[PDB]
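Visitor: Here you go, one structure.
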Amino acid sequence: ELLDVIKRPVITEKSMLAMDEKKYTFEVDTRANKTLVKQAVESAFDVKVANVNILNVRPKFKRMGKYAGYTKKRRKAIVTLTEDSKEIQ
Amino acid sequence: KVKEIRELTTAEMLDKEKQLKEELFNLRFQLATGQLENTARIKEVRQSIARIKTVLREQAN
Amino acid sequence: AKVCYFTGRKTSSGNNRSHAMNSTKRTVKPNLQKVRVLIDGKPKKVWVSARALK
RNA sequence: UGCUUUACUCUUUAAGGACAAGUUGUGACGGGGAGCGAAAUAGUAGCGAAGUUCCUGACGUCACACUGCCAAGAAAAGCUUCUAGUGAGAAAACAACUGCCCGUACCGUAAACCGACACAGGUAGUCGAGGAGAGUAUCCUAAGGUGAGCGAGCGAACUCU
RNA sequence: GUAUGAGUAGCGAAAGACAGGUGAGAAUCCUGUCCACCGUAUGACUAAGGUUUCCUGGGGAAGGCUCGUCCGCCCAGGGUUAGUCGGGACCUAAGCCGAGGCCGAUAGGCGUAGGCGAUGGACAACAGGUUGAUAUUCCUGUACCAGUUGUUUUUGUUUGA
RNA sequence: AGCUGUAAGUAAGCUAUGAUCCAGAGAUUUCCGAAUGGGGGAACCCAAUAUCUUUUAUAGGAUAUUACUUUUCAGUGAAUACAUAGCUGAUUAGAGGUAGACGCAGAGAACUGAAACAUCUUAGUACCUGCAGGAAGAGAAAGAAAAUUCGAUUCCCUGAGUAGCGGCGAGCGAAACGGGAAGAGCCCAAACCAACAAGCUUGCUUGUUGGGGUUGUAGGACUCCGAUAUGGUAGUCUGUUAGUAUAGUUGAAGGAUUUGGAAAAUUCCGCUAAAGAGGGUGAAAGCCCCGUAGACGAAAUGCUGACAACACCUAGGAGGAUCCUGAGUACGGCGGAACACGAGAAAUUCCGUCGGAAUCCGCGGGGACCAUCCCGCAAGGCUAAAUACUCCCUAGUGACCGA
């Protein structure tokens with residue numbers, strides 16, 4: 001489907017340091033591979049090689065009103081480049 | 001606004017679906033960077049995709 | 001020795017009395033024999049009761 | 001032509017074959033370092049001397065290597081050949097690219113595991129320094145880490161050590 | 001639900017003292033100084049097991065056998081990057097499931113071929129630096145394995161290629 | 001004419017082009033689970049074959065198919081020649097869940113009672129297991145009776161705690177006549193006649209169709225005449241209309257004063273009723289609201305009837321030479337169960353084993369057995385209603401409960 005891979009960019013305090021070395025932090029959906037993220041980024045922003053990295057997240061608790069319940073799963077994606085930028089963000 | 005959608009040949013249907021996918025992706029990224037007074041434009045894009053897919057299932061018998 | 005290929009004979013149970021009518025539980029089984037017969041032209045081996053070998 | 005095996009003739013301090021810890025260079029103009037130390041919120045950023053000789057020396061490694069004993073001491077794949085075999089022609093060389101899924105925080109002789117507890121109990125494996133010392137024994141100590149989650153006074157009986 | 005016992009028994013093995021902080025409040029929080037305890041362990045790394053307790057900034061109603069400005073507690077954000085590590089895309093031992101099949105009132109029981117199954121085999125990366133938390137994963141330097149394109153010394157698939 | 005659930009907050013929006021909402025039809029529907037490509041510690045991992053894709057190319061992505069068994073047909077096929085195992089492909093059906101309920105079967109306890117306990121009872125109950133259906137089961141006399149008879153089954157009252165059974169102890173316990181509910185009867189096998197095939201005994205033997213035929217007063221074949229009509233259905237997911245179920249529309253009539261924070265309370269004077277059931281509103285309302293009586297209404301999808309079509313199915317009378325009328329069946333011995341009936345003087349029904357009949361001049365039954373009389377045709381099938389239950393859906397009711 002090639003366009004529902006990436007959801008959001010991760011804007012955090014480590015990620016702003018990663019913006020210096022052309023490294024970007026996205027939230028990729030589950031059941032996705034490294035190679036799809038290459039293909040989706042390259043067909044979404046005209047950028048290139050130098051492999052993605054992919055994490056996972058275990059959920060947590062919150063207790064708003066005496067009702068215990070989890071949060072989601074996640075999957076980050078930390079993508080490095082060769083020669084371009086994404087000065088949108 | 002479905003009357004506009006039933007007028008169109010099957011190629012232009014697919015072109016409008018691809019344009020709606022691109023606009024939905026840009027609305028996601030503009031949510032994440034803290035923008036967009038218009039947040040209720042998102043339902044329009046999803047439901048327009050839904051209406052186009054139901055119409056393309058209808059004219060495919 | 002489970003059932004008959006032809007009739008409906010099969011094992012069952014019933015009582016057992018002895019001279020002052022105490023009751024236990026038996027198994028009364030049919031006489032059964034393995035005979036080589038002809039099913040549909042092809043020879044087969046199957047259990048056949050000794051009653052239906054007359 | 002691989003492999004097994006019988007019968008005969010040579011050869012043996014040999015020749016051939018197989019394995020092998022660990023040494024010297026390069027890797028390495030590099031980072032590593034006792035101490036000095038700022039311009040500002042910093043022992044920070046930044047700056048560096050020497051790599052010597054003798055003694056003791058490992059069941060760690062060669063390696064289940066060697067000798068002895070009887071209680072006589074797992075499998076299958078990866079690997080190497082030889083043919084059956086399908087069956088243009090790849091085979092070195094250099095350059096440039098490709099390499100998927102899951103676990104990686106933290107505690108882990110414990111306040112985070114098993115004991116209802118922030119419990120004098122239990123928890124498999126590896127490293128485990130010095131003086132004396134056979135030694136991981138005992139007494140005091142290095143690297144390190146701790147000072148116990150109620151106290152202040154008095155200094156009787158009585159009970160415990 | 002509330003009394004009596006009764007403001008009694010107990011506060012779960014250990015060495016602290018002073019100065020200066022912060023603060024409405026301090027033996028019990030932070031900083032400094034000396035003293036003291038273990039040191040085949042009260043030190044370092046890991047396998048299970050636990051499942052966010054870890055890091056940063058705030059809070060004191062309840063938990064902490066007292067106190068508490070503090071915490072493994074509460075609120076709010078944020079951290080767990082791999083061709084080489086361990087497991088899968090490789091192999092099997094105990095055991096289990098077992099097409100057909102052999103038995104058996106139904107239910108079902110037992111087993112060939114084939115499989116599943118690590119505690120065992122076989123298998124390509126080392127040194128340093130970096131952060132508030134990750135580091136054989138990030139970057140710095142030098143490597144290795146399996147391949148794909150682009151260039152560079154041979155044809156009867158006979159096969160000696 | 002307001003709207004964006006629970007539910008406050010703000011941000012953004014939508015609607016007279018009729019939103020939100022209500023009703024009937026559609027479309028989409030991730031992953032696990034009988035789980036079905038292979039594996040598995042469920043919501044995970046790894047494949048094969050075709051086709052389309054990104055990249056110069058390999059790795060990458062998508063779609064469809066690939067379990068097992070039998071029932072039908074192909075092709076392939078050998079220990080062994082002939083064909084049978086076997087293999088491969090296509091085809092048909094199954095496989096699991098409930099509603100903790102009602103039904104039919106297989107297998108089947110103990111405490112307890114007898115003031116102990118063995119036969120007996122608890123009790124063919126609880127539990128397990130297979131099989132279904134909206135109901136199931138049984139069903140058209142080898143019957144009930146005993147004069148004068150009656151004609152499929154099931155369910156209810158009565159017979160009656162009677163006749164009976166029982167260490168004749170504790171106890172167990174019917175049936176027929178009689179009155180009601182509801183009503184319904186059908187189809188094969190056999191003998192015989194052709195057409196096919198094989199053996200062509202070229203005897204007429206077997207198999208396949210088509211006819212024929214279904215009974216006790218015996219009936220049918222077979223012959224002879226006839227007639228060649230009449231009449232019913234438990235059938236179609238065929239039509240045309242009627243009704244109904246799933247959203248709805250309309251629907252009468254009151255003011256003022258006093259006490260009130262607030263009136264529906266109170267007091268004068270009125271009105272309505274095919275509506276004086278109920279609920280809400282600032283305290284108790286026929287006249288404030290939602291409704292009730294009454295009248296009206298379905299584009300769409302079911303469901304029920306009616307009558308058209310279409311499918312079926314069905315004849316008289318006489319003759320009595322010959323032929324047919326359900327076989328290892330009925331029945332007997334031996335061992336057990338069912339019937340109220342515990343082997344007792346024990347028929348009638350099954351089950352296991354071993355013996356083993358007749359063919360209308362025949363056979364079975366009338367509570368051992370014989371003779372006479374009477375009533376009936378077994379060993380092949382199908383069958384609506386009258387009856388039992390409620391996970392659920394709608395509309396209600398209660399000298400039922402009120403933390």
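Chain labels A, B, ... are given in the sequence in which chains occur in the structure tokens; within each chain residues are numbered consecutively from 1, and ligands are likewise numbered from 1 in the order shown.
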Return the neighbours of chain A among the residues of chain B, cut-off 9 Å, counting only C-alpha atoms, as a ChimeraX atom specification.

Guide: /B:21-22,25,28-33

Visitor: With N, CA and C atoms kept, could you save the residues just selected as a compact mmCIF listing (two decimals), in the first residue's frame?

Guide:
# COMPACT_ATOMS: atom_id res chain seq x y z
N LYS B 21 -5.26 10.67 -0.73
CA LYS B 21 -4.26 10.03 0.12
C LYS B 21 -3.10 10.97 0.44
N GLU B 22 -2.64 11.72 -0.57
CA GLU B 22 -1.56 12.68 -0.33
C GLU B 22 -1.99 13.77 0.65
N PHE B 25 -2.01 12.43 4.19
CA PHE B 25 -0.67 12.29 4.74
C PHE B 25 -0.11 13.64 5.19
N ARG B 28 -1.71 14.62 8.45
CA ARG B 28 -1.07 13.95 9.58
C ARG B 28 0.20 14.67 10.03
N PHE B 29 1.09 14.99 9.07
CA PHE B 29 2.32 15.67 9.47
C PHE B 29 2.06 17.07 10.00
N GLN B 30 1.02 17.74 9.52
CA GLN B 30 0.74 19.06 10.08
C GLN B 30 0.00 18.99 11.42
N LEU B 31 -0.66 17.88 11.74
CA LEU B 31 -1.06 17.68 13.12
C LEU B 31 0.14 17.52 14.03
N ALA B 32 1.12 16.73 13.61
CA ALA B 32 2.17 16.35 14.55
C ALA B 32 3.09 17.51 14.90
N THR B 33 3.18 18.54 14.07
CA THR B 33 4.03 19.67 14.38
C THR B 33 3.29 20.82 15.01

Visitor: Quick one: residues within 8 Å of range 23-27 of chain A, only C-alpha atoms (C1' of nucleotides) counted, chain neighbours fewer than 2 positions away excluded, as a count of residues only?

Guide: 20

Visitor: Excluding residue 169 in chain F and any residue of its chain fewer than 6 positions from it, enumerate the residues within 12 Å of it, using only C-alpha atoms (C1' of nucleotides), and give them as a PDB file with N, CA and C atoms (P, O5', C5', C4', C3', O3' and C1' of nucleotides), in the first residue's frame.

Guide:
ATOM      1  P     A F 114     -36.760 -47.582  58.266  1.00  0.00           P
ATOM      2  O5'   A F 114     -36.928 -49.088  57.793  1.00  0.00           O
ATOM      3  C5'   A F 114     -38.214 -49.629  57.563  1.00  0.00           C
ATOM      4  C4'   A F 114     -38.142 -50.984  56.906  1.00  0.00           C
ATOM      5  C3'   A F 114     -37.509 -52.093  57.718  1.00  0.00           C
ATOM      6  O3'   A F 114     -38.445 -52.646  58.618  1.00  0.00           O
ATOM      7  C1'   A F 114     -36.711 -52.148  55.482  1.00  0.00           C
ATOM      8  P     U F 119     -28.763 -58.147  47.221  1.00  0.00           P
ATOM      9  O5'   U F 119     -30.078 -58.850  46.693  1.00  0.00           O
ATOM     10  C5'   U F 119     -30.050 -60.215  46.335  1.00  0.00           C
ATOM     11  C4'   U F 119     -31.435 -60.741  46.106  1.00  0.00           C
ATOM     12  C3'   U F 119     -32.448 -59.720  45.642  1.00  0.00           C
ATOM     13  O3'   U F 119     -32.376 -59.497  44.255  1.00  0.00           O
ATOM     14  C1'   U F 119     -33.363 -61.000  47.392  1.00  0.00           C
ATOM     15  P     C F 120     -32.681 -58.051  43.642  1.00  0.00           P
ATOM     16  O5'   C F 120     -33.806 -57.444  44.576  1.00  0.00           O
ATOM     17  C5'   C F 120     -35.148 -57.441  44.142  1.00  0.00           C
ATOM     18  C4'   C F 120     -36.035 -56.692  45.093  1.00  0.00           C
ATOM     19  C3'   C F 120     -36.042 -55.183  44.958  1.00  0.00           C
ATOM     20  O3'   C F 120     -36.883 -54.737  43.914  1.00  0.00           O
ATOM     21  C1'   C F 120     -35.950 -55.811  47.246  1.00  0.00           C
TER      22        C F 120
END

Visitor: Tell me, in Å to one decimal, how far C1' of residue 9 in chain E is from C1' of residue 159 in chain D.

Guide: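 Between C1' of residue 9 in chain E and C1' of residue 159 in chain D the gap works out to 16.1 Å.
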
Visitor: According to DSSP computed on the backbone, where in chain A is there helix (DSSP H, G or I)? Give the residues as a list in words.

Guide: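 The helix (DSSP H, G or I) subset of chain A is residues 13, 14, 15, 16, 17, 18, 34, 35, 36, 37, 38, 39, 40, 41, 42, 43, 44 and 45 of chain A.
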
Visitor: Return as number ranges by chain the residues belonging to chain A that are within 7 Å of chain E, counting only C-alpha atoms (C1' of nucleotides).

Guide: A: 53-55

Visitor: Print the selection's residues with N, CA and C atoms to a file, as a PDB file, in the first residue's frame.

Guide:
ATOM      1  N   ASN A  53      16.596   2.222  11.149  1.00  0.00           N
ATOM      2  CA  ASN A  53      16.541   1.394  12.342  1.00  0.00           C
ATOM      3  C   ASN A  53      15.150   1.459  12.952  1.00  0.00           C
ATOM      4  N   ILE A  54      14.771   0.389  13.641  1.00  0.00           N
ATOM      5  CA  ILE A  54      13.382   0.108  13.990  1.00  0.00           C
ATOM      6  C   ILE A  54      13.315  -0.405  15.421  1.00  0.00           C
ATOM      7  N   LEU A  55      12.444   0.181  16.228  1.00  0.00           N
ATOM      8  CA  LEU A  55      12.307  -0.189  17.623  1.00  0.00           C
ATOM      9  C   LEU A  55      10.979  -0.869  17.885  1.00  0.00           C
TER      10      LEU A  55
END

Visitor: List every residue of chain C that has an atom at most 10 Å from any atom of chain E, and for each one report the closest atom pair and its distance in Å to one decimal, counting only C-alpha atoms (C1' of nucleotides), with rows sorted by chain and then by increasing residue number, as a tab-separated table.

Guide:
residue	atom	partner	partner_atom	distance
C:1	CA	E:104	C1'	8.7
C:2	CA	E:104	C1'	7.4
C:10	CA	E:105	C1'	8.3
C:11	CA	E:105	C1'	6.6
C:12	CA	E:105	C1'	6.4
C:13	CA	E:105	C1'	8.7
C:27	CA	E:105	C1'	9.6

Visitor: Store the residues of this selection in a file with N, CA and C atoms, as a PDB file, in the first residue's frame.

Guide:
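Final output, saved to out.pdb:
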ATOM      1  N   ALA C   1     -13.097 -57.736  16.565  1.00  0.00           N
ATOM      2  CA  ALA C   1     -14.384 -58.401  16.631  1.00  0.00           C
ATOM      3  C   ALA C   1     -15.450 -57.425  17.097  1.00  0.00           C
ATOM      4  N   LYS C   2     -15.732 -56.394  16.299  1.00  0.00           N
ATOM      5  CA  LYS C   2     -16.610 -55.331  16.776  1.00  0.00           C
ATOM      6  C   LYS C   2     -18.064 -55.494  16.325  1.00  0.00           C
ATOM      7  N   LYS C  10     -23.728 -57.370  17.680  1.00  0.00           N
ATOM      8  CA  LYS C  10     -22.712 -56.564  18.332  1.00  0.00           C
ATOM      9  C   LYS C  10     -22.812 -56.827  19.821  1.00  0.00           C
ATOM     10  N   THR C  11     -21.777 -56.431  20.547  1.00  0.00           N
ATOM     11  CA  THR C  11     -21.719 -56.731  21.966  1.00  0.00           C
ATOM     12  C   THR C  11     -22.664 -55.843  22.768  1.00  0.00           C
ATOM     13  N   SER C  12     -22.990 -56.299  23.973  1.00  0.00           N
ATOM     14  CA  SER C  12     -23.898 -55.600  24.876  1.00  0.00           C
ATOM     15  C   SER C  12     -23.623 -56.097  26.288  1.00  0.00           C
ATOM     16  N   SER C  13     -24.557 -55.863  27.203  1.00  0.00           N
ATOM     17  CA  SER C  13     -24.364 -56.313  28.572  1.00  0.00           C
ATOM     18  C   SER C  13     -25.685 -56.741  29.184  1.00  0.00           C
ATOM     19  N   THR C  27     -20.572 -59.054  30.087  1.00  0.00           N
ATOM     20  CA  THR C  27     -20.543 -58.646  28.689  1.00  0.00           C
ATOM     21  C   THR C  27     -20.919 -59.864  27.866  1.00  0.00           C
TER      22      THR C  27
END

Visitor: Distance cut-off 9 Å, counting only C-alpha atoms (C1' of nucleotides) - which residues of chain B neighbour chain F? Return them as a PDB file with N, CA, C and O atoms, in the first residue's frame.

Guide:
ATOM      1  N   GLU B  37      -5.611  24.902  12.844  1.00  0.00           N
ATOM      2  CA  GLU B  37      -6.942  25.191  13.374  1.00  0.00           C
ATOM      3  C   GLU B  37      -7.994  24.278  12.756  1.00  0.00           C
ATOM      4  O   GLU B  37      -8.866  23.762  13.461  1.00  0.00           O
ATOM      5  N   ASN B  38      -7.925  24.055  11.447  1.00  0.00           N
ATOM      6  CA  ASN B  38      -8.814  23.095  10.802  1.00  0.00           C
ATOM      7  C   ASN B  38      -8.366  21.685  11.132  1.00  0.00           C
ATOM      8  O   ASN B  38      -7.470  21.133  10.494  1.00  0.00           O
ATOM      9  N   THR B  39      -8.990  21.099  12.143  1.00  0.00           N
ATOM     10  CA  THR B  39      -8.810  19.690  12.428  1.00  0.00           C
ATOM     11  C   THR B  39      -9.929  18.839  11.858  1.00  0.00           C
ATOM     12  O   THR B  39      -9.722  17.642  11.632  1.00  0.00           O
ATOM     13  N   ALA B  40     -11.096  19.431  11.604  1.00  0.00           N
ATOM     14  CA  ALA B  40     -12.248  18.706  11.099  1.00  0.00           C
ATOM     15  C   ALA B  40     -12.279  18.646   9.587  1.00  0.00           C
ATOM     16  O   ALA B  40     -13.328  18.354   9.013  1.00  0.00           O
ATOM     17  N   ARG B  41     -11.166  18.926   8.927  1.00  0.00           N
ATOM     18  CA  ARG B  41     -11.050  18.601   7.518  1.00  0.00           C
ATOM     19  C   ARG B  41     -10.609  17.168   7.287  1.00  0.00           C
ATOM     20  O   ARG B  41     -10.574  16.724   6.137  1.00  0.00           O
ATOM     21  N   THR B  54     -17.051   3.106  -2.554  1.00  0.00           N
ATOM     22  CA  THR B  54     -18.377   2.507  -2.701  1.00  0.00           C
ATOM     23  C   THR B  54     -18.918   2.688  -4.110  1.00  0.00           C
ATOM     24  O   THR B  54     -19.561   1.780  -4.652  1.00  0.00           O
ATOM     25  N   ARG B  57     -17.197   0.282  -6.357  1.00  0.00           N
ATOM     26  CA  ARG B  57     -17.703  -1.072  -6.209  1.00  0.00           C
ATOM     27  C   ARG B  57     -19.072  -1.222  -6.858  1.00  0.00           C
ATOM     28  O   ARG B  57     -19.391  -2.300  -7.369  1.00  0.00           O
ATOM     29  N   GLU B  58     -19.875  -0.151  -6.874  1.00  0.00           N
ATOM     30  CA  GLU B  58     -21.184  -0.209  -7.523  1.00  0.00           C
ATOM     31  C   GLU B  58     -21.065  -0.369  -9.032  1.00  0.00           C
ATOM     32  O   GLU B  58     -21.674  -1.272  -9.614  1.00  0.00           O
TER      33      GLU B  58
END

Visitor: Using only C-alpha atoms (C1' of nucleotides), which protein or nucleic acid residues come within 10 Å of residue 341 in chain F? Drop anything in the same chain fewer than 4 positions from it, and give the result as an MDAnalysis selection string.

Guide: chainID F and resid 164:165 346

Visitor: Within 12 Å of residue 17 in chain C, counting only C-alpha atoms (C1' of nucleotides), which residues qualify if same-chain residues fewer than 3 places away don't, as a list in words?

Guide: residues 14, 20, 21, 22, 23, 24, 25 and 26 of chain C; 119, 335, 336 and 337 of chain F

Visitor: From chain C, collect each residue whose DSSP state is strand (DSSP E or B) and return the set as JSON, numbers by chain.

Guide: {"C": [12, 28, 33, 34, 35, 36, 37, 38, 39, 42, 43, 44, 45, 46, 47, 48]}

Visitor: Could you check the closest approach to chain A for each of D:99, D:46, D:33, D:2 and tell me which residue wins, using only C-alpha atoms (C1' of nucleotides)?

Guide: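 Smallest distance to chain A is found for D:99.
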
Visitor: Tell me, as a VMD selection string, which residues lie within 9 Å of range 34-48 of chain E, counting only C-alpha atoms (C1' of nucleotides); anything in the same chain fewer than 2 positions away does not count.

Guide: (chain D and resid 108 124 to 128 136 141 143 to 147) or (chain E and resid 14 to 17)

Visitor: Output the contact residues of chain D with respect to chain A at a cut-off of 12 Å, based on only C-alpha atoms (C1' of nucleotides), as number ranges by chain.

Guide: D: 97-105

Visitor: Okay, now the selection with N, CA, C and O atoms (P, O5', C5', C4', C3', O3' and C1' of nucleotides), as a PDB file, in the first residue's frame?

Guide:
ATOM      1  P     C D  97      28.350   2.211  -2.940  1.00  0.00           P
ATOM      2  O5'   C D  97      26.845   2.066  -3.415  1.00  0.00           O
ATOM      3  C5'   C D  97      25.906   1.421  -2.584  1.00  0.00           C
ATOM      4  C4'   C D  97      25.110   0.409  -3.353  1.00  0.00           C
ATOM      5  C3'   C D  97      24.336  -0.578  -2.511  1.00  0.00           C
ATOM      6  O3'   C D  97      23.127  -0.038  -2.020  1.00  0.00           O
ATOM      7  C1'   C D  97      25.452  -1.724  -4.249  1.00  0.00           C
ATOM      8  P     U D  98      22.536  -0.540  -0.620  1.00  0.00           P
ATOM      9  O5'   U D  98      22.170  -2.058  -0.886  1.00  0.00           O
ATOM     10  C5'   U D  98      20.985  -2.393  -1.589  1.00  0.00           C
ATOM     11  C4'   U D  98      20.602  -3.808  -1.299  1.00  0.00           C
ATOM     12  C3'   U D  98      20.628  -4.161   0.172  1.00  0.00           C
ATOM     13  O3'   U D  98      19.396  -3.873   0.800  1.00  0.00           O
ATOM     14  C1'   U D  98      21.812  -5.793  -1.082  1.00  0.00           C
ATOM     15  P     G D  99      19.356  -3.476   2.347  1.00  0.00           P
ATOM     16  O5'   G D  99      19.664  -4.842   3.095  1.00  0.00           O
ATOM     17  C5'   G D  99      18.657  -5.826   3.197  1.00  0.00           C
ATOM     18  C4'   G D  99      19.216  -7.172   3.571  1.00  0.00           C
ATOM     19  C3'   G D  99      19.653  -7.356   5.007  1.00  0.00           C
ATOM     20  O3'   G D  99      18.558  -7.610   5.862  1.00  0.00           O
ATOM     21  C1'   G D  99      21.228  -8.335   3.531  1.00  0.00           C
ATOM     22  P     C D 100      18.188  -6.588   7.034  1.00  0.00           P
ATOM     23  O5'   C D 100      16.676  -6.931   7.381  1.00  0.00           O
ATOM     24  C5'   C D 100      15.640  -6.595   6.472  1.00  0.00           C
ATOM     25  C4'   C D 100      14.504  -7.581   6.552  1.00  0.00           C
ATOM     26  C3'   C D 100      14.014  -7.903   7.947  1.00  0.00           C
ATOM     27  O3'   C D 100      13.144  -6.924   8.476  1.00  0.00           O
ATOM     28  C1'   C D 100      14.326  -9.912   6.769  1.00  0.00           C
ATOM     29  P     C D 101      13.115  -6.654  10.053  1.00  0.00           P
ATOM     30  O5'   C D 101      12.404  -7.937  10.660  1.00  0.00           O
ATOM     31  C5'   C D 101      11.022  -8.169  10.458  1.00  0.00           C
ATOM     32  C4'   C D 101      10.540  -9.333  11.275  1.00  0.00           C
ATOM     33  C3'   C D 101      10.699  -9.174  12.773  1.00  0.00           C
ATOM     34  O3'   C D 101       9.608  -8.492  13.350  1.00  0.00           O
ATOM     35  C1'   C D 101      11.503 -11.305  12.096  1.00  0.00           C
ATOM     36  P     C D 102       9.830  -7.551  14.623  1.00  0.00           P
ATOM     37  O5'   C D 102      10.318  -8.536  15.768  1.00  0.00           O
ATOM     38  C5'   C D 102       9.379  -9.332  16.469  1.00  0.00           C
ATOM     39  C4'   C D 102      10.024 -10.213  17.516  1.00  0.00           C
ATOM     40  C3'   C D 102      10.827  -9.529  18.606  1.00  0.00           C
ATOM     41  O3'   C D 102      10.016  -8.960  19.615  1.00  0.00           O
ATOM     42  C1'   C D 102      11.954 -11.471  17.865  1.00  0.00           C
ATOM     43  P     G D 103      10.543  -7.711  20.478  1.00  0.00           P
ATOM     44  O5'   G D 103      11.742  -8.298  21.353  1.00  0.00           O
ATOM     45  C5'   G D 103      11.483  -9.146  22.464  1.00  0.00           C
ATOM     46  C4'   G D 103      12.740  -9.500  23.216  1.00  0.00           C
ATOM     47  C3'   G D 103      13.526  -8.334  23.767  1.00  0.00           C
ATOM     48  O3'   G D 103      13.018  -7.936  25.026  1.00  0.00           O
ATOM     49  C1'   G D 103      14.978  -9.891  22.712  1.00  0.00           C
ATOM     50  P     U D 104      12.952  -6.387  25.425  1.00  0.00           P
ATOM     51  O5'   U D 104      14.198  -5.770  24.675  1.00  0.00           O
ATOM     52  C5'   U D 104      15.002  -4.817  25.331  1.00  0.00           C
ATOM     53  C4'   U D 104      16.297  -5.408  25.780  1.00  0.00           C
ATOM     54  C3'   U D 104      17.341  -4.372  26.141  1.00  0.00           C
ATOM     55  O3'   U D 104      18.173  -4.863  27.181  1.00  0.00           O
ATOM     56  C1'   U D 104      18.067  -5.619  24.262  1.00  0.00           C
ATOM     57  P     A D 105      18.852  -3.853  28.223  1.00  0.00           P
ATOM     58  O5'   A D 105      17.767  -2.723  28.502  1.00  0.00           O
ATOM     59  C5'   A D 105      18.022  -1.391  28.083  1.00  0.00           C
ATOM     60  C4'   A D 105      17.458  -0.344  29.010  1.00  0.00           C
ATOM     61  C3'   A D 105      17.781  -0.477  30.480  1.00  0.00           C
ATOM     62  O3'   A D 105      19.090  -0.046  30.791  1.00  0.00           O
ATOM     63  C1'   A D 105      15.509   0.088  30.214  1.00  0.00           C
TER      64        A D 105
END

Visitor: Write down, as a ChimeraX atom specification, each residue of chain F that has any atom within 10 Å of an atom of chain A, counting only C-alpha atoms (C1' of nucleotides).

Guide: /F:54-55,59-62

Visitor: With distances taken over only C-alpha atoms, which residue among B:55, B:20, B:9, B:60 lies nearest residue 42 in chain B?

Guide: B:20
